[PDB]
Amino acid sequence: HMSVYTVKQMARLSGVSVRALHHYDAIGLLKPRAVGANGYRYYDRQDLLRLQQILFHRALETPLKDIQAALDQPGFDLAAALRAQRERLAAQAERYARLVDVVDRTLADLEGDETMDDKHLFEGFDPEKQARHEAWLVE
């Protein structure tokens, strides 16, 4: 809330390194807002929430330049951004949980009479991740 943090403290609190925070600072992505009377710069609550936004974007494989754009958007609403991120994180949790179900079904067939239909081997894989890989194979 009123707490403010040096780079050393922000690293320890967030798990982002001092190296990364200096880089995020240099490129205008995350600049410590709070300034003391000694000219030192400190991360405040608003900076912590922006860094959390950066970590959510990276969890969701958003590329570094796209992050700046998304955060600096005029009329940026943090609660809206969080709800959109929730939906995409939930969908990733459901994909991974579906892929465990596929492993479970495959193991049981495999240690059973091996009668399970072939198509059931392949339900659950991310079509998006396949397109980005077939596109790569065309070099």
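Numbering starts at 1 and runs along the sequence shown.
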Looking only at C-alpha temperature factors in the entry, 86-94 or 34-42, the higher average sits in 34-42
Which of the two stretches, 48-56 or 24-32, shows the higher mean Cα temperature factor in the record? 24-32
Looking at the temperature factor on the CA atom of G15, which third of the chain's modelled residues does it land in? lowest
Pull the Cα B-factor of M2 out of the PDB entry and bin it into the chain's lowest, middle or highest third. middle
What third of its chain's C-alpha B-factors does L121 belong to: lowest, middle or highest? lowest
Ordered by C-alpha B-factor within the chain, which third holds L64? Give me lowest, middle or highest, please. highest
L78: which third of its chain by C-alpha temperature factor? middle
